[PDB]
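Structure record follows, encoded as structure tokens.
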Amino acid sequence: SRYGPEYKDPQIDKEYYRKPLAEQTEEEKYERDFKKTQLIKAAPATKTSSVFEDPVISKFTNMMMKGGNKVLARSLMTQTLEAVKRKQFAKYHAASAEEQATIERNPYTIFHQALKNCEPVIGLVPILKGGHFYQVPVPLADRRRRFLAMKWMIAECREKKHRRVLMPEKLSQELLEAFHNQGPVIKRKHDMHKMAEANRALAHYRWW
Amino acid sequence: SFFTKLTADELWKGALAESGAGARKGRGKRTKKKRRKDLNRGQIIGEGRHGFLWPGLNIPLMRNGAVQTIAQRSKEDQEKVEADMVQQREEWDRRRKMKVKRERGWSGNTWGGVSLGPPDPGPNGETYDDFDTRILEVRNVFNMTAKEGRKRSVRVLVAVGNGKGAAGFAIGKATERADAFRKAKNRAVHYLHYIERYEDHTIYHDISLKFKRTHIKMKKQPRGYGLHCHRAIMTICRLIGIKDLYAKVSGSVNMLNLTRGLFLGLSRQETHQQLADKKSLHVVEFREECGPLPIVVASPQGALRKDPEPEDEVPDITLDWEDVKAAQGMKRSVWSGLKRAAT
Amino acid sequence: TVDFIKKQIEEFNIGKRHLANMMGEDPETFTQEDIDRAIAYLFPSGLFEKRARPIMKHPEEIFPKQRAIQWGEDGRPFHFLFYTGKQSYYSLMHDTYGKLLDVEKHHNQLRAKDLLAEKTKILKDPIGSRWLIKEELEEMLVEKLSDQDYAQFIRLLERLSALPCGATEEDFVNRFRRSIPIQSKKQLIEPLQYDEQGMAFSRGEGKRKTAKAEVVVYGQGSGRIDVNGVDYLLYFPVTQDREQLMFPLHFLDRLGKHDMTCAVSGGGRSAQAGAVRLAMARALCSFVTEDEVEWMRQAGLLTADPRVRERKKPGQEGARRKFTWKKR
Amino acid sequence: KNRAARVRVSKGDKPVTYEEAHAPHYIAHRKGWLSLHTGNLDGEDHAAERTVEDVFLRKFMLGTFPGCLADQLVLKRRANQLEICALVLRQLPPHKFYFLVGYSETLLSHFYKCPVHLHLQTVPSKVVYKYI
Amino acid sequence: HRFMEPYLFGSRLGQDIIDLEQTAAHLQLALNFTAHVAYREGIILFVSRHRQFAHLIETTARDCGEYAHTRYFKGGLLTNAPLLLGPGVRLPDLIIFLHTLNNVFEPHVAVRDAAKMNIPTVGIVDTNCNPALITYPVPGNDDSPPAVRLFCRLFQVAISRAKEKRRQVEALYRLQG
RNA sequence: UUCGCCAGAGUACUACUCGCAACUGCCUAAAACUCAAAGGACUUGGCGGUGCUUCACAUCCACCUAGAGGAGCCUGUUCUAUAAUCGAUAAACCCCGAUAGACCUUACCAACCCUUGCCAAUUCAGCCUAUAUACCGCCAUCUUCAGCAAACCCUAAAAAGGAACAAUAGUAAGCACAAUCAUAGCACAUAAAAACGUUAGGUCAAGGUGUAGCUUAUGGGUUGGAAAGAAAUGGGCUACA
RNA sequence: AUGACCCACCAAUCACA
Ligand SMILES: [Mg+2]
Ligand SMILES: [Mg+2]
Ligand SMILES: [Mg+2]
Ligand SMILES: [Mg+2]
Ligand SMILES: [Mg+2]
Ligand SMILES: [Mg+2]
Ligand SMILES: [Mg+2]
Ligand SMILES: [Mg+2]
Ligand SMILES: [Mg+2]
Ligand SMILES: [Mg+2]
Ligand SMILES: [Mg+2]
Ligand SMILES: [Mg+2]
Ligand SMILES: [Mg+2]
Ligand SMILES: [Mg+2]
Ligand SMILES: [Mg+2]
Ligand SMILES: [Mg+2]
Ligand SMILES: [Mg+2]
Ligand SMILES: [Mg+2]
Ligand SMILES: [Mg+2]
Ligand SMILES: [Mg+2]
Ligand SMILES: [Mg+2]
Ligand SMILES: [Mg+2]
Ligand SMILES: [Mg+2]
Ligand SMILES: [Mg+2]
Ligand SMILES: [Mg+2]
Ligand SMILES: [Mg+2]
Ligand SMILES: [Mg+2]
Ligand SMILES: [Mg+2]
Ligand SMILES: [Mg+2]
Ligand SMILES: [Mg+2]
Ligand SMILES: [Mg+2]
Ligand SMILES: [Mg+2]
Ligand SMILES: [Mg+2]
Ligand SMILES: [Mg+2]
Ligand SMILES: [Mg+2]
């Protein structure tokens, strides 16, 4: 809020500005954008025009960061991606042509898929009624769910590793185990789902 | 220790303690009083008790056409000067301890009956020195405020009149007593009634009115019988110019309802001329001291009737058991005959 | 208060003569602009509030406008609306409504004669036309107004302009016009520069958060960047900062085509990267097309980042963080 | 509530000088400094001396011209001389005013061992900025 | 309104028909009074709060050289004059109401306050108005356009005629010596 | 026109009587004694585990991040302890008066000393003695709350209330808010500002003082002592990797 | 659930001979 409410967020996408001539409503729209004499917030240091940056990877990076260390958290992320990569290159050359067609070597797609699998469907909110606190099944927003996934990943691979064991190691492990749905993270997701079925009657207490 | 000292204003402000929290909620009594005396009041520039005389200050700059030198008074001369100053202080203490007399209205601590003196000139330059004002009721009144808790306003009820038949009353209310006085004066002059006076001493005819819960009952007297009335009514009458009257108030004696009720009543008087005109007859007055001789008071401007009034053998009128009891000598109260001071 | 104004003008003129004399200038060519410099030099008050500093000005500007006398010496009020308590405003309303009726009549006669000869003058939008503020109107009638008052009046002018506009009508509603000044956010292009037989170099200066950066870019060179006399891979060890430096070039696809020298001071590493980022962006605007400039602005490349460290506050810990609060 | 150097709102009758009507947070913004001297500047010395001197001057002047002082004193210090400047009510005959001018200037000159100038500006009644 | 019944010629099928004989009788008197006040150089104030005829009345007044208040009537305008209008002021010598009601259907304040101020009051009191405090009432229809236009025109002409007669008699008095 | 009722409040739909298919009953219905009121309606507040709307933007719930509460230390309270200061002590005390105690500071304790005893003069100096519930000075708090208040005007009477914008009685100067100023350009943010009052809130130990107290002492000096941890606790620091 | 008692508005100036 060193920006007045007048200031719009910038659009960093290069593809949007490069190829305008085929869209009428969007031409009209960004015409109205700049021509409105509209002020623009200065593009943040984290975000780049880079063809290489995944906003999800960056979010995760941030949620991993303790104190002020981007350098250290970006290190750990980088190392983890490299570790998943090399773990799958190991699993590729000791395999046979069929499994060489099957196995995924893109660490990015592995990260994404492993998060999609770990995100909860349904959730729980405490509701006070008649002086008692019941836990009630609540549908969740998308953002809340992605958040729950990432936070659960990091909480586990911070908490449950042996102190000798480094972070990118444990994290690459859990990424690959959650890729295949057998990870402890996924067990947590299921504990939620089961607690949500156990209480399904109480779904009536929710007024919204 | 010279730096350690202060201004007089600071020191007095300090000592008086008018701004404390004691004064606000009335957390201390009104019989406790202390005052501020100027300590520069009697002092002159140059004066000191060492006794010096400075050419520009104590003494004139030139004596006999020359320049006076710096000099000092004799011991006994300074003795006399200090004697003078001490006697000056004692004189100011003699002036301060004398309290001016307050003319007492009804009672010593009542404000009722007291004169405020003429109301203030109106914006047009219009001036009433002919009007007097009397206070009828002053009252401390309260309201419960969100912040301050109890909040004390004075409200006074006042009446003005010139003695010549125009009087009126009004009420005024303010935090300060002085302020409410002003307000109620200046406001009173705006509601004036004209009171018709028979022969300029009494009212015209007997009046009985019930205003809210107050009953006033007035009777019209002859020339000598001065002002026998509730004390408020006497006050108001003296302001109107009504010199001879009898009025008994019953029911609630509440002051505002009394003066409203009274003015309503007096306003509604029906003059002899008005009566003459509505009946279209001569109205003829029989004095007892003048015998059978028929004084003609009012005559009906316009055409007089040739028709006599229907003679009612026995009238149907509302009678007050009080007046009947009075007429037949059944009022034995020890409070009624009492000799009182003059009007 | 009229004698006052007269006198004040007399003495302002006498005074302006005197002042012009001591300052040693021609009394005729003396302006308000000159009066000001003269006082500022004679009575030099540093005080931050400009209204509290010494002023000698024409009494009409100094004193507030006065309601003139409202009635003759006999007591009869001059203006027929006097007793309304607002004559000025209700007159305006009266004449406005009058002109509305007039318009309606005339245009109805022209409806019966088969003539619509007028046009809609109601679009002045390219002139950047707006209505007066309430403050302005209040100054034009020399009278206080109410919000609902102003509202009423404006609504009425709207009713007026929404009909066929007469000449005297157009002129009438146009007292109540103002024009909003220039609205364009287009930047000011740095003129490209040719130096010592070298062609096409441009300059730019970024500032971010205690870091200042001056960047000179050569269009004629290959891709490399020299920051404070060393290579940009050496000066910016962190990937993130190199990506920051990369952002504007990669955005314009100039990534191989330009050769830059930089001077950056103060702040930390990330702040310097940010500074050079902004400066580079501002320097590359000379080489590019006017449209891509708008694009860089819309990517937030050309705006300084206002976010700066807040001052710690006494009785707190961190400029926001509070000392621990004990309930009981 | 901050109370410092404030003149509180009365029933609305209270006469208030331009000085007294401005709370400390207005110093250097609207009202200016009642003293001027080099001492409080960055690299400079003997601030303390000049402060004490100041305090004594206000006290002294207030006692030497009883009742006739309009507003607080103005003390300008320039290259070893102090010009005191005062707003004075007309109370005394000009005899008493000149007597006190001379008396003061000499007295203080010998006290503080520097030339002292005194400048009296005379005023009918306390100049009134507000309320009243 | 109860106090209007003496002025009703009767009621035709639910409508109340004012008695015109009486309207004429009264109107003659109101006009007479208005005129004499005009001749005596005194302030006349047309007052109505009815928004149809507001413009019509403001116009009419300005044409007689008389004043109009057609707008919202500020609270203390008549009673507290010197604060609203100014330090010393003349107050109207006569007040004409073309409608005795305010748009909320209570009596217009100015009636109670003109009475309060000892100012005589002419006014057109329709069938549902309260005539009591009005000095010279003229019963008749205030709602319909030819009626209001009529009453406006009449008071206009009366005023103008009086001011003329005063000019002419003044001229005569000047030639007398 | 009648009839039945009512003469302060309690005591009392009670005690005694008469009558009654009532036998813990109905009916009829006192007094001693106690009080200076008891009652009725209203008004403005405040409050309401009352209802209906609208909100909370670090803020209640939902939610995010880092901590405290457990350990060692550091530093402050409370206790207990000492011959051995004082003050703060819900929010609005608790690294607080102190941006600062080895002697000094220093006010405390114990021994000792000195009595026109800091000054131009003074049957006078001096007092960190009592009262912050006598106060000035500075503040805290409601509070980034929007109101306070003079002068008027209105009300079938007024304790008090005073808006309706297609407007129904309100005008109002002033102070606050607002605006401006500052943070070296705007803007935003932050700072500053924030009336009247509320809490007899804090401070006679910043200084100054009202009232009341001491005067070979409750005053002025010198020398040396002020310990300590059963226990409870606040805030921090460093950690537990 | 709870939270001794007690708390409030009944006095008038300054200045001059
Ligand atoms: Mg007595
Ligand atoms: Mg921090
Ligand atoms: Mg009608
Ligand atoms: Mg009775
Ligand atoms: Mg009894
Ligand atoms: Mg019973
Ligand atoms: Mg019984
Ligand atoms: Mg018995
Ligand atoms: Mg919180
Ligand atoms: Mg920690
Ligand atoms: Mg902890
Ligand atoms: Mg701990
Ligand atoms: Mg302690
Ligand atoms: Mg103490
Ligand atoms: Mg204590
Ligand atoms: Mg407290
Ligand atoms: Mg010690
Ligand atoms: Mg010692
Ligand atoms: Mg001692
Ligand atoms: Mg206190
Ligand atoms: Mg306000
Ligand atoms: Mg009432
Ligand atoms: Mg009021
Ligand atoms: Mg106001
Ligand atoms: Mg600024
Ligand atoms: Mg701002
Ligand atoms: Mg602040
Ligand atoms: Mg502000
Ligand atoms: Mg206390
Ligand atoms: Mg205490
Ligand atoms: Mg003391
Ligand atoms: Mg501890
Ligand atoms: Mg703390
Ligand atoms: Mg109990
Ligand atoms: Mg209680």
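For the structure tokens, the naming scheme is as follows: chains receive sequential letters (A, B, ...) according to their order of presentation, residues are indexed from 1 within each chain, and ligands are indexed from 1 in presentation order.
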Neighbour list for stretch 37-41 of chain D as a list in words, cut-off 10 Å, only C-alpha atoms (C1' of nucleotides), skip fewer than 4 positions in-chain = residues 45, 46, 47, 48, 49, 50, 51, 75, 76, 77, 78, 79 and 82 of chain D
Convert the current residue selection to file output with C-alpha atoms, as a short mmCIF file (atom, residue, chain, number, x, y, z; two decimals), in the first residue's frame.
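Once everything was written out, this is selection_16.cif:
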data_model
loop_
_atom_site.label_atom_id
_atom_site.label_comp_id
_atom_site.auth_asym_id
_atom_site.auth_seq_id
_atom_site.Cartn_x
_atom_site.Cartn_y
_atom_site.Cartn_z
CA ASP D 45 29.40 25.10 20.86
CA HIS D 46 28.10 26.50 24.15
CA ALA D 47 24.42 25.89 23.53
CA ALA D 48 24.02 25.50 27.30
CA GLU D 49 25.39 28.92 28.10
CA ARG D 50 23.05 30.65 25.69
CA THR D 51 20.10 28.69 27.04
CA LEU D 75 16.35 37.46 21.43
CA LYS D 76 18.64 37.90 18.43
CA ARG D 77 22.32 37.16 18.89
CA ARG D 78 24.72 38.41 16.26
CA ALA D 79 28.52 38.33 16.35
CA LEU D 82 22.45 40.59 21.73
#
message = Any residue with an atom at most 9 Å from ligand 32 counts, using only C-alpha atoms (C1' of nucleotides) and all ligand atoms. Which are they? Put them as JSON, numbers by chain.
response = {"F": [75, 76, 77, 233, 234]}
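Neighbours of ligand 31 at a cut-off of 10 Å, computed so that only C-alpha atoms (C1' of nucleotides) and all ligand atoms are counted, are the residues residues 127, 128, 129, 204, 205, 207, 208 and 209 of chain F.
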Those selected residues, please, written with N, CA, C and O atoms (P, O5', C5', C4', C3', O3' and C1' of nucleotides) and delivered as a PDB file, in the first residue's frame.
ATOM      1  P     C F 127      15.003  22.998  51.521  1.00  0.00           P
ATOM      2  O5'   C F 127      14.322  21.917  52.461  1.00  0.00           O
ATOM      3  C5'   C F 127      15.072  20.802  52.896  1.00  0.00           C
ATOM      4  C4'   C F 127      14.214  19.867  53.690  1.00  0.00           C
ATOM      5  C3'   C F 127      12.946  19.409  53.000  1.00  0.00           C
ATOM      6  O3'   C F 127      13.185  18.350  52.089  1.00  0.00           O
ATOM      7  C1'   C F 127      12.466  20.054  55.223  1.00  0.00           C
ATOM      8  P     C F 128      13.083  18.587  50.499  1.00  0.00           P
ATOM      9  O5'   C F 128      12.348  17.270  50.000  1.00  0.00           O
ATOM     10  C5'   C F 128      11.332  16.676  50.795  1.00  0.00           C
ATOM     11  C4'   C F 128      11.428  15.177  50.768  1.00  0.00           C
ATOM     12  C3'   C F 128      12.623  14.591  51.509  1.00  0.00           C
ATOM     13  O3'   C F 128      12.249  13.345  52.099  1.00  0.00           O
ATOM     14  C1'   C F 128      12.733  13.992  49.216  1.00  0.00           C
ATOM     15  P     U F 129      12.151  13.188  53.699  1.00  0.00           P
ATOM     16  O5'   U F 129      11.084  14.280  54.136  1.00  0.00           O
ATOM     17  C5'   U F 129       9.735  14.156  53.724  1.00  0.00           C
ATOM     18  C4'   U F 129       8.796  14.013  54.893  1.00  0.00           C
ATOM     19  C3'   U F 129       7.343  13.760  54.517  1.00  0.00           C
ATOM     20  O3'   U F 129       7.094  12.381  54.349  1.00  0.00           O
ATOM     21  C1'   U F 129       7.467  15.512  56.109  1.00  0.00           C
ATOM     22  P     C F 204       4.576  11.765  44.268  1.00  0.00           P
ATOM     23  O5'   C F 204       4.305  13.308  44.469  1.00  0.00           O
ATOM     24  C5'   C F 204       4.355  13.855  45.773  1.00  0.00           C
ATOM     25  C4'   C F 204       4.952  15.231  45.755  1.00  0.00           C
ATOM     26  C3'   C F 204       5.438  15.710  47.109  1.00  0.00           C
ATOM     27  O3'   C F 204       6.559  16.567  46.945  1.00  0.00           O
ATOM     28  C1'   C F 204       3.605  17.060  46.382  1.00  0.00           C
ATOM     29  P     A F 205       7.977  16.080  47.499  1.00  0.00           P
ATOM     30  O5'   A F 205       8.562  15.190  46.316  1.00  0.00           O
ATOM     31  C5'   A F 205       9.171  15.795  45.184  1.00  0.00           C
ATOM     32  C4'   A F 205       9.852  14.765  44.320  1.00  0.00           C
ATOM     33  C3'   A F 205       8.916  13.750  43.647  1.00  0.00           C
ATOM     34  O3'   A F 205       9.452  13.366  42.374  1.00  0.00           O
ATOM     35  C1'   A F 205      10.467  12.620  45.018  1.00  0.00           C
ATOM     36  P     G F 207      12.152  18.153  42.613  1.00  0.00           P
ATOM     37  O5'   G F 207      11.838  19.692  42.347  1.00  0.00           O
ATOM     38  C5'   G F 207      12.809  20.542  41.760  1.00  0.00           C
ATOM     39  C4'   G F 207      12.178  21.644  40.941  1.00  0.00           C
ATOM     40  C3'   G F 207      11.165  22.523  41.656  1.00  0.00           C
ATOM     41  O3'   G F 207      11.770  23.495  42.500  1.00  0.00           O
ATOM     42  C1'   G F 207      10.290  21.888  39.563  1.00  0.00           C
ATOM     43  P     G F 208      11.250  23.732  44.009  1.00  0.00           P
ATOM     44  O5'   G F 208       9.954  24.624  43.809  1.00  0.00           O
ATOM     45  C5'   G F 208       9.953  25.659  42.844  1.00  0.00           C
ATOM     46  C4'   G F 208       8.558  26.080  42.485  1.00  0.00           C
ATOM     47  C3'   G F 208       7.598  26.228  43.639  1.00  0.00           C
ATOM     48  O3'   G F 208       7.816  27.417  44.365  1.00  0.00           O
ATOM     49  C1'   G F 208       6.528  25.120  41.866  1.00  0.00           C
ATOM     50  P     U F 209       7.420  27.476  45.912  1.00  0.00           P
ATOM     51  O5'   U F 209       6.057  28.287  45.883  1.00  0.00           O
ATOM     52  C5'   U F 209       5.033  27.956  46.791  1.00  0.00           C
ATOM     53  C4'   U F 209       3.800  27.493  46.076  1.00  0.00           C
ATOM     54  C3'   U F 209       2.749  26.899  46.980  1.00  0.00           C
ATOM     55  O3'   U F 209       2.008  27.903  47.630  1.00  0.00           O
ATOM     56  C1'   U F 209       3.034  25.509  45.104  1.00  0.00           C
TER      57        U F 209
END
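Using only C-alpha atoms, the smallest distance between any of A:6, A:28, A:99, A:156 and residue A:185 comes from A:156.
Within 9 Å of chain F, and counting only C-alpha atoms (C1' of nucleotides), chain A contributes residues 1, 2, 3, 4, 5, 125, 126 and 163 of chain A.
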Written file, previous selection with N, CA and C atoms, as a PDB file, in the first residue's frame:
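New file part-v6.pdb:
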ATOM      1  N   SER A   1       0.817  -1.209   0.000  1.00  0.00           N
ATOM      2  CA  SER A   1       0.000   0.000   0.000  1.00  0.00           C
ATOM      3  C   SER A   1       0.852   1.260   0.000  1.00  0.00           C
ATOM      4  N   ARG A   2       1.953   1.228  -0.727  1.00  0.00           N
ATOM      5  CA  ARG A   2       2.600   2.461  -1.118  1.00  0.00           C
ATOM      6  C   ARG A   2       2.081   2.753  -2.524  1.00  0.00           C
ATOM      7  N   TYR A   3       1.166   1.891  -2.961  1.00  0.00           N
ATOM      8  CA  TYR A   3       0.394   2.116  -4.169  1.00  0.00           C
ATOM      9  C   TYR A   3      -1.042   2.450  -3.803  1.00  0.00           C
ATOM     10  N   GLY A   4      -1.557   3.543  -4.364  1.00  0.00           N
ATOM     11  CA  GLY A   4      -2.962   3.881  -4.216  1.00  0.00           C
ATOM     12  C   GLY A   4      -3.775   2.825  -4.937  1.00  0.00           C
ATOM     13  N   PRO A   5      -5.071   2.705  -4.608  1.00  0.00           N
ATOM     14  CA  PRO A   5      -5.944   1.722  -5.270  1.00  0.00           C
ATOM     15  C   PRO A   5      -6.046   1.957  -6.788  1.00  0.00           C
ATOM     16  N   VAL A 125     -14.362 -27.675   8.954  1.00  0.00           N
ATOM     17  CA  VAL A 125     -14.381 -26.437   9.714  1.00  0.00           C
ATOM     18  C   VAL A 125     -15.081 -26.724  11.034  1.00  0.00           C
ATOM     19  N   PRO A 126     -14.544 -26.189  12.138  1.00  0.00           N
ATOM     20  CA  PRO A 126     -15.258 -26.329  13.411  1.00  0.00           C
ATOM     21  C   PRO A 126     -16.443 -25.370  13.469  1.00  0.00           C
ATOM     22  N   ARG A 163      17.723 -36.544  11.129  1.00  0.00           N
ATOM     23  CA  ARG A 163      18.524 -35.310  11.118  1.00  0.00           C
ATOM     24  C   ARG A 163      19.778 -35.355  10.221  1.00  0.00           C
TER      25      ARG A 163
END
message = Select, as a ChimeraX atom specification, those residues of chain E with any atom no more than 10 Å from chain F (distances computed using only C-alpha atoms (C1' of nucleotides)).
response = /E:51,71-85,102-109,113
N, CA, C and O atoms of the current selection, written as a short mmCIF file (atom, residue, chain, number, x, y, z; two decimals), in the first residue's frame:
data_model
loop_
_atom_site.label_atom_id
_atom_site.label_comp_id
_atom_site.auth_asym_id
_atom_site.auth_seq_id
_atom_site.Cartn_x
_atom_site.Cartn_y
_atom_site.Cartn_z
N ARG E 51 -45.08 22.68 -6.29
CA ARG E 51 -44.19 22.79 -7.41
C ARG E 51 -44.99 22.47 -8.63
O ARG E 51 -45.04 21.33 -9.09
N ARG E 71 -39.61 28.54 -2.33
CA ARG E 71 -38.75 27.41 -2.05
C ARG E 71 -38.94 26.91 -0.65
O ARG E 71 -39.84 27.36 0.04
N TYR E 72 -38.10 25.98 -0.23
CA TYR E 72 -38.13 25.50 1.14
C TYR E 72 -37.97 26.66 2.10
O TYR E 72 -37.07 27.48 1.96
N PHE E 73 -38.84 26.72 3.10
CA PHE E 73 -38.89 27.86 4.01
C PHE E 73 -38.02 27.60 5.20
O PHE E 73 -38.35 26.76 6.04
N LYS E 74 -36.91 28.31 5.30
CA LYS E 74 -35.95 27.99 6.35
C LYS E 74 -36.60 28.28 7.69
O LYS E 74 -37.49 29.11 7.78
N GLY E 75 -36.13 27.58 8.72
CA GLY E 75 -36.84 27.51 9.99
C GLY E 75 -37.20 28.83 10.63
O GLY E 75 -38.38 29.13 10.84
N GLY E 76 -36.20 29.66 10.92
CA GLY E 76 -36.47 30.87 11.65
C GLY E 76 -36.62 32.12 10.82
O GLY E 76 -36.45 33.21 11.34
N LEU E 77 -36.95 31.97 9.55
CA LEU E 77 -36.90 33.10 8.62
C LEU E 77 -37.65 34.35 9.07
O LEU E 77 -37.10 35.46 9.00
N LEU E 78 -38.90 34.18 9.50
CA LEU E 78 -39.67 35.32 10.00
C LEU E 78 -39.40 35.65 11.47
O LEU E 78 -39.23 36.82 11.82
N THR E 79 -39.35 34.64 12.33
CA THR E 79 -39.18 34.88 13.76
C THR E 79 -37.81 35.34 14.11
O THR E 79 -37.64 36.34 14.79
N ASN E 80 -36.81 34.60 13.66
CA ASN E 80 -35.46 35.09 13.82
C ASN E 80 -35.04 35.61 12.48
O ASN E 80 -34.34 34.94 11.74
N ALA E 81 -35.37 36.87 12.21
CA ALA E 81 -34.99 37.49 10.96
C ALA E 81 -33.54 37.93 10.95
O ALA E 81 -32.80 37.60 10.02
N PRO E 82 -33.10 38.68 12.00
CA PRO E 82 -31.77 39.27 11.88
C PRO E 82 -30.62 38.27 11.77
O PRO E 82 -29.54 38.66 11.35
N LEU E 83 -30.83 37.01 12.13
CA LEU E 83 -29.79 36.03 11.92
C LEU E 83 -29.79 35.46 10.51
O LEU E 83 -28.74 35.30 9.90
N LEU E 84 -30.97 35.15 9.98
CA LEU E 84 -31.03 34.54 8.65
C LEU E 84 -30.69 35.53 7.55
O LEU E 84 -29.82 35.27 6.72
N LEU E 85 -31.40 36.64 7.53
CA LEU E 85 -31.21 37.62 6.48
C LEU E 85 -30.10 38.63 6.75
O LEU E 85 -29.29 38.89 5.86
N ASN E 102 -48.10 22.96 2.61
CA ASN E 102 -46.76 22.60 2.18
C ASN E 102 -46.85 21.17 1.69
O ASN E 102 -47.82 20.48 1.98
N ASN E 103 -45.88 20.73 0.90
CA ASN E 103 -46.05 19.51 0.12
C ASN E 103 -46.26 18.24 0.94
O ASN E 103 -46.45 17.17 0.38
N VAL E 104 -46.17 18.37 2.25
CA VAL E 104 -46.52 17.30 3.18
C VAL E 104 -47.96 17.42 3.72
O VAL E 104 -48.36 16.70 4.62
N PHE E 105 -48.71 18.37 3.17
CA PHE E 105 -50.11 18.66 3.53
C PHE E 105 -50.39 19.20 4.93
O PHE E 105 -51.54 19.20 5.37
N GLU E 106 -49.40 19.72 5.64
CA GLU E 106 -49.67 20.51 6.83
C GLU E 106 -49.70 21.96 6.41
O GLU E 106 -49.20 22.29 5.34
N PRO E 107 -50.28 22.84 7.23
CA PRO E 107 -50.21 24.27 6.94
C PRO E 107 -48.79 24.79 6.81
O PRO E 107 -47.93 24.43 7.60
N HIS E 108 -48.56 25.63 5.81
CA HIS E 108 -47.28 26.27 5.60
C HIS E 108 -46.88 27.05 6.84
O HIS E 108 -47.68 27.80 7.39
N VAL E 109 -45.64 26.87 7.26
CA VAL E 109 -45.13 27.50 8.47
C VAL E 109 -45.39 28.98 8.54
O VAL E 109 -45.69 29.54 9.60
N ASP E 113 -46.15 31.74 11.59
CA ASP E 113 -45.10 32.72 11.93
C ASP E 113 -45.39 34.15 11.47
O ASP E 113 -44.89 35.11 12.06
#
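Distance annotation: of B:242, B:135, B:57, B:256, the residue with the minimal separation from chain F is B:256; atom set is only C-alpha atoms (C1' of nucleotides).
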Surroundings of ligand 25 up to 10 Å, based on only C-alpha atoms (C1' of nucleotides) and all ligand atoms, as a VMD selection string = chain F and resid 180 to 187
inquiry  = To check your reading of the model: which residues sit at most 12 Å from ligand 29 when counting only C-alpha atoms (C1' of nucleotides) and all ligand atoms? Write the answer as a ChimeraX atom specification.
reply    = /B:21 /F:132-133,199-203
Within 9 Å of ligand 1, counting only C-alpha atoms (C1' of nucleotides) and all ligand atoms, which protein or nucleic acid residues do you find, written as a PDB file with C-alpha atoms, in the first residue's frame?
ATOM      1  CA  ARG B 104     -34.953  40.155  49.539  1.00  0.00           C
ATOM      2  CA  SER B 107     -37.531  35.011  51.505  1.00  0.00           C
ATOM      3  CA  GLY B 108     -33.857  35.672  52.080  1.00  0.00           C
ATOM      4  CA  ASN B 109     -32.616  32.695  50.048  1.00  0.00           C
TER       5      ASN B 109
END
Dump as JSON lines the rows for residues of chain D within 8 Å of chain B: closest atom pair and distance in Å with one decimal, only C-alpha atoms counted, ordered by chain and rising residue number.
{"residue": "D:55", "atom": "CA", "partner": "B:3", "partner_atom": "CA", "distance": 7.8}
{"residue": "D:56", "atom": "CA", "partner": "B:3", "partner_atom": "CA", "distance": 7.4}
{"residue": "D:66", "atom": "CA", "partner": "B:45", "partner_atom": "CA", "distance": 7.9}
{"residue": "D:95", "atom": "CA", "partner": "B:56", "partner_atom": "CA", "distance": 5.8}
{"residue": "D:96", "atom": "CA", "partner": "B:56", "partner_atom": "CA", "distance": 5.6}
{"residue": "D:99", "atom": "CA", "partner": "B:56", "partner_atom": "CA", "distance": 5.8}
task = List the neighbours of stretch 140-151 of chain B out to 9 Å using only C-alpha atoms (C1' of nucleotides); skip same-chain residues closer than 6 positions along the sequence, and give me the result as number ranges by chain.
result = B: 25, 175; F: 43-46, 159-160, 197-198; G: 9
task = Compute the set of chain E residues within 6 Å of chain C, using only C-alpha atoms, and express it as number ranges by chain.
result = E: 62, 67-69, 85, 90
